[PDB]
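1. Need coordinates for the below:
(chains A and B, ligands or ions: 3)
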2 protein chains.
Amino acid sequence: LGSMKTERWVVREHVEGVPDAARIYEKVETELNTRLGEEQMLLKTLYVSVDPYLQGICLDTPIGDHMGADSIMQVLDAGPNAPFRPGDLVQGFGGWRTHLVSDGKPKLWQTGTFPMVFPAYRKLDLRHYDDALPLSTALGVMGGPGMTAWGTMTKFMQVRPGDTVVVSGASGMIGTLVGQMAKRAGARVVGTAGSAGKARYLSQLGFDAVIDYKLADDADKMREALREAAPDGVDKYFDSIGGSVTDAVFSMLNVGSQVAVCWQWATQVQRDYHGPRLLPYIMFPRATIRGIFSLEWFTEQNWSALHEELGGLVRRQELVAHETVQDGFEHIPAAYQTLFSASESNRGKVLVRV
Amino acid sequence: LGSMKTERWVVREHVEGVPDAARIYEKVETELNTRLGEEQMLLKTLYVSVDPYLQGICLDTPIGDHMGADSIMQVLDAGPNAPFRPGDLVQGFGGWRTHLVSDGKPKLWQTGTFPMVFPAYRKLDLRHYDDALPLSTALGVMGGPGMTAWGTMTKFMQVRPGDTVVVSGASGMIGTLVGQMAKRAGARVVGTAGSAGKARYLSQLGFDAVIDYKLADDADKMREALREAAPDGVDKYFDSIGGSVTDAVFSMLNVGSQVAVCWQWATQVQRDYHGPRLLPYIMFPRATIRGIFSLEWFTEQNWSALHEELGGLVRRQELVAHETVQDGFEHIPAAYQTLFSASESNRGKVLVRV
Ligand SMILES: NC(=O)c1ccc[n+]([C@@H]2O[C@H](COP(=O)([O-])OP(=O)(O)OC[C@H]3O[C@@H](n4cnc5c(N)ncnc54)[C@H](OP(=O)(O)O)[C@@H]3O)[C@@H](O)[C@H]2O)c1
Ligand SMILES: NC(=O)c1ccc[n+]([C@@H]2O[C@H](COP(=O)([O-])OP(=O)(O)OC[C@H]3O[C@@H](n4cnc5c(N)ncnc54)[C@H](OP(=O)(O)O)[C@@H]3O)[C@@H](O)[C@H]2O)c1
Ligand SMILES: CC[C@H]1[C@@H]2C=C[C@@H]3/C=C/C=C/C(=O)NCCC[C@@H]4NC(=O)/C(=C(O)/C=C/C=C/[C@@H]3[C@H]2C[C@H]1C)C4=O
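-> Numbers count the residues shown, from 1 in each chain, chains lettered A, B, ... in the order given. Ligands and ions are numbered 1, 2, ... in the order given. Next comes the structure:
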C-alpha cells in the first residue's frame, strides 16, 4: 500500500571499450510507487544475469536510468487485469534493481541503434526446477543462453557426423553448450578459451581442442593454430568474437559450411571496426552465414521444447551447465567486471542472487 | 589421322585490375593432333562468351596457355566411348580456341586461388532453341548466367510480394535477370548503373529505382542515395559488387533479410580488400547471407527446369535478356573489353559468333 524503497544501479557515465564497472554504474535508493495499474505488478528480484552484451545496452542507456539485465523476479502485488498473480516466479528484463513495477508486456527499446523489443515476461514453474535443475537456471541453460545454443543447433545448424566445428568464446556457457551438442551429434569440436585452466575445463567436456587467443593476437598466428586444430577445414562456426579469429576461419571454410554469428566481442568491446573483407571467401565454399538473435525464439512452445529436450539430458549429468552465482545485490557491477578481467576464476554462467 | 591448324587467343601477360585486353591476349596458330582417345572428341567452336570473371580466370592461367572461357562447340570426330556423337552440339569451357580435343569429363583448375573443377560438358538439344531463343543463348539466359540467376531465385531467395530488393551490378545479364524475377514476385527492385541511359534501360525493364555508383563513391554518399531509393530498408540483396555499395546495404538490412553474394567486382577488379566489418550488422536483422557458386546446379534435372521455366517466360517476352553478339574470332578480346567501359552497347550477354 503506497510506496517503498528500492535500490538501483544507474548509468553514471558512458565509457566505451572494456567497461570501467565502478565508474559507469552508481547505486542509488529510489522510491517506487506501489499503487498499481489495471495490469501492472510489483516484483522483487531474486537473480540477475550479467553478460558481456550488457556493454552495448549500457552505451545506449540514458544517464540515470537503471541498467537493464536479464532477471528472475517474484510477484509481490498484482493489478486486477494482471498477467500474473502474486507468488508467481517470472523471468524477464527487470535490470539491476532490487524491486520494480511492470505490466510485463513486451516493450520497445527506443534508445537502441536497432529497434529492439524486449519480450513479455515468461512465467516459471518451480516443479520444473530441483536440486539438479535449480530455479537459478531459468537465466542459463533453462533460460537465455541455453535457448541460444539449443536454437542454433536445432533450428539452424545441421551438425553432421564428421564435421570440424569451431566455437569462438567457448568458455562461456553458450560456447560450451554449443560444443557439447556438436560432439553429441558426433562432430570434432574445436574451441577457444583464454587461460590454460579454462582450456582443461572444455577439454574435460569433450573439446577435442582449445586455443589461446591471448597467444594468438594476429590472424596469422591464429590461422596457424587453426589449420592444425582443424586439419580438414571448417564445417560449422559459432562466432562471438570476430576481427582476427574470424578472418582466419573464413580462409578455410569447407563447402556447405554454416556460420552462426552470435556476437562480435572484437568489434563491440575492443572496437575493431575495419578488417579484411570476408564476403569474397564465402562464395566458392557456398557458406551460409546467419545472424543470431535468440529473442526470435522466446515462444511458449519453444520454452517447453528446451525443458523437454534439454531439461532431461542436463539432469542426467549427460549435459554440463555450470553456473557461478555471486551473492549480494551490491556486488553486481563487480560481477560485471569479471567477464572482462577476472574471468579465469569464472565457470559457466555468471549470475548474482539478490 | 594427321594434324590440323587452329587459332587461339592465349594469355600473354597477367595484369591485375581492369584488364588491358590487347596487352594481355595474343592470337596464335597451333597445330592440333587429330588422333582421338577412347572417350575424346574433336570440337569446332561456334560461339564464345566474355564475362568479368574471366578477369580472374586470366590471372591464374599460366602465361602462354589459351584463355579459358564459356563456349558452344560441335563434335567433328569422336572416339568410340565418347559422351557425345559427332554433329552433336556441346557446351563447355572450350576457351578462346578455334578447335580443341576433350573427353568432356570434369577437370580440375588447380592453379586457382580456390581448387575448382569445371563441370562436365552439356549437350544442347535443338528442340529447345528457336528464332526467339537462339542457340547462342546457352551462353546467356539459357546457359551459365541464367542458371546463376534462376538458381539463386528458386533455390535460395524467397521474395515476397512487397519486399524491397537490391541488385548490385544490375546492368549485366545476371543482375538484369535477377531484378526481373524479383519484379515478378511483387518486389520493389532497386538497381545500380553507370549511365543515365543504362539506368533508364533498367527502368524500362521494371526497375523501380536505379542509382549511379559512378557518383556514389562513399558509403555515406551511397547510404543517402540508398536510404531514399529503399525507404523501407532492404529485404533481399543480390550482390555482385561489394565495397562501398554493400557497406551501405548492410547498414539498412530489414529483419529476416537474405543476401546472395555472387561476385565482388570491387574486391576482384578494384582491389578493395579491406573495409568496415559487416558481421555486426546481421545479428539484429537475423540476416542470412549465402555465397553463390552456380556450378552446384549444373544438373540435368536443373537445366531442364531452367529451359522449362525461363524459356517460356523469355519466349513470351515477359522476360527480356538481350545479347550483344559480336562476330569474328579475331574480335574476341575487344568484345571482352566492352565490359569495363561506359558503352551503352554493353546490353545483355556479350558473345562472339565464330
Ligand atoms: N545474439 C544473441 O541473441 C545472444 C543472446 C545471448 C547471448 N549472446 C552473446 O553470446 C556470447 C556467449 O554468452 P556467455 O554467457 O557464454 O558469455 P561468456 O562466454 O562468459 O563471455 C565472456 C567470456 O568470453 C571470453 N572472451 C573474452 N575475450 C575474448 C576474446 N578476445 N576471444 C575469445 N574469447 C574471449 C572469456 O572466456 P575466458 O574466460 O576463457 O577468457 C570470458 O569468460 C556473449 O557474448 C553474449 O553476449 C548473444
Ligand atoms: N558465382 C558464380 O557462380 C557466378 C557465375 C556466373 C557469373 N558470375 C559473375 O557475376 C557477374 C554478373 O554477370 P553479368 O553477365 O551480369 O555481368 P555485367 O554485370 O555485365 O558485368 C559488367 C557490368 O558491371 C557494371 N559495373 C562495373 N563496375 C561497377 C560498379 N562499381 N558498380 C556497379 N556496377 C558496376 C557495368 O555496368 P554499367 O554498364 O551500367 O556501368 C558493366 O557493364 C559477373 O561478374 C560474373 O562473372 C558468378
Ligand atoms: C530477454 C533478454 C534477451 C537479450 C536482450 C538484449 C540483448 C541485446 C543486446 C544488444 C546490444 C546492442 O544493440 N549493442 C549495440 C550494437 C552492437 C552489436 N550489434 C548487434 O546487432 C548486436 C546484437 O545483435 C546483440 C544481441 C543481443 C541479444 C540480447 C538478448 C537475448 C535475450 C537473452 C550487438 O551487440
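2. which residue is nearest the middle of chain A?
-> Chain A has residue A:145 as the residue nearest its centroid, 4.5 Å off, counting by CA atoms, centre = their mean.
3. residue contacts, the closest residue to residue A:233 other than its chain neighbours?
-> Nearest residue to residue A:233 in three dimensions, chain neighbours excluded: residue A:254, at 4.1 Å (CB to CB, 6 or more residues apart in numbering or on different chains). (Each C-beta comes from the backbone N, C-alpha and C, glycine too.) By CB atoms under 8 Å, 6 or more residues apart in numbering or on different chains, the residues touching residue A:254 are A:164, A:232, A:233, A:234, A:235, A:285.
4. can those residues go into CSV with extra columns for secondary structure, neighbour count and distance to residue B:211?
-> Output for the contacts of residue A:254, formatted as CSV (DSSP: H, G, I helix; E, B strand; the rest coil; neighbours: other CB atoms under 10 Å in any protein chain shown; distance: CB to CB, whole Å):
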residue, secondary structure, neighbour count, distance to residue B:211
A:164, strand, 24, 41
A:232, coil, 11, 43
A:233, coil, 17, 38
A:234, strand, 25, 36
A:235, strand, 23, 38
A:285, coil, 20, 30
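5. Of those, which is the nearest to ligand 2?
-> Nearest to ligand 2 among those is residue A:285, at 11.4 Å by CB to the nearest ligand atom.
6. Touching, the closest one and residue A:249? I think so.
-> No - counting by CB atoms under 8 Å, residue A:285 does not reach residue A:249; the two are 11.1 Å apart.
7. Stretch A:341-354: which residues count as buried?
-> Across stretch A:341-354, burial judged by 16 or more other CB atoms under 10 Å in any protein chain shown covers A:343, A:346, A:347, A:348, A:349, A:350, A:351, A:352, A:354.
8. Which strand residues bridge residue A:189?
-> Here residue A:189 shows beta-bridge partners residue A:165, assigned using DSSP bridges.
9. oh, I was asking about residue A:27
-> Counting by DSSP bridges, residue A:27 forms beta bridges with residue A:9.
10. Residues of chain A that sit close to ligand 2?
-> Among all residues of chain A, those adjacent to ligand 2 (criterion: CB under 6 Å from any ligand atom) are residue A:283.
11. Could you break chain A into its assigned domains?
-> Segmentation of chain A into domains, based on automatic domain parsing, reads A:3-123+A:322-353, A:144-294.
12. Which stretch among those domains is buried most, on average?
-> Comparing the domains of chain A by mean neighbour count (mean count of other CB atoms under 10 Å in any protein chain shown), domain A:144-294 comes out on top with a mean of 21.
13. That one near ligand 3 at all?
-> Yes - contact between domain A:144-294 and ligand 3, assessed by CB under 6 Å from any ligand atom, occurs at A:144, A:268, A:293, A:294.
14. contacting residues for the last one?
-> So the one you mean is residue A:294. Shown in contact with residue A:294 (CB under 8 Å, 6+ apart): A:144, A:147, A:148, A:151.
15. Quick check: chain neighbours aside, which residue is closest to it?
-> For residue A:294, the nearest residue in space outside its immediate sequence neighbours is residue A:148; the separation is 4.0 Å by CB to CB, 6+ apart.
16. wait, what's in contact with that neighbour?
-> Going by CB under 8 Å, 6+ apart, residue A:148 touches A:174, A:262, A:292, A:294.
17. TSV please, covering those residues and showing secondary structure.
-> Shown next, in TSV, are these (DSSP: H, G, I helix; E, B strand; the rest coil):
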residue	secondary structure
A:174	helix
A:262	coil
A:292	coil
A:294	helix
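18. Let me know the closest of these to residue A:339.
-> Nearest to residue A:339 among the contacts of residue A:148: residue A:174, at 12.6 Å, using CB to CB.
19. Let me see the residues that make contact with the helix or strand hosting residue A:123.
-> Assigned by DSSP states H and E, residue A:123 belongs to strand A:122-124. Defining contact as CB under 8 Å, 6+ apart, one finds that strand A:122-124 is touched by A:72, A:84, A:88, A:89, A:90, A:91, A:92, A:135, A:138, A:298, A:303.
20. and residue A:91, what helix or strand is that in?
-> With DSSP H and E as criterion, residue A:91 is part of strand A:89-92.
21. and that strand, how far from the chain's centre?
-> Strand A:89-92 has its C-alpha centroid displaced from the chain centroid by 17 Å (CA atoms, centre = their mean, to the nearest Å).
22. what about residue A:136, neighbour count?
-> 18 (other CB atoms under 10 Å in any protein chain shown).
23. Isn't it up against residue A:325?
-> Yes - at 6.1 Å, residue A:136 counts as touching residue A:325 under the criterion of CB under 8 Å.
24. And residue A:104, how far from ligand 1?
-> Residue A:104 is 21 Å from ligand 1, where distance means CB to the nearest ligand atom, to the nearest Å.
25. separation between that residue and residue A:93?
-> Distance, residue A:104 to residue A:93, using CB to CB, to the nearest Å: 10 Å.
26. do residue A:50 as well
-> Separation of residue A:50 from residue A:93 (CB to CB): 13 Å.
27. Ok, residue A:181 next?
-> Residue A:181 sits 26 Å away from residue A:93, going by CB to CB.
28. Next: residue A:215.
-> 37 Å.
29. Please enumerate the helices of the stretch 51-200 of chain A.
-> A:54-60, A:144-151, A:173-184, A:196-205 (DSSP state H, counting those that start in this stretch).
30. Adding distance to residue B:158, write the ones you listed out as TSV.
-> Formatted as TSV, the helices of the stretch 51-200 of chain A follow (distance: least, CB to CB, whole Å):
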stretch	distance to residue B:158
helix A:54-60	31
helix A:144-151	21
helix A:173-184	27
helix A:196-205	38
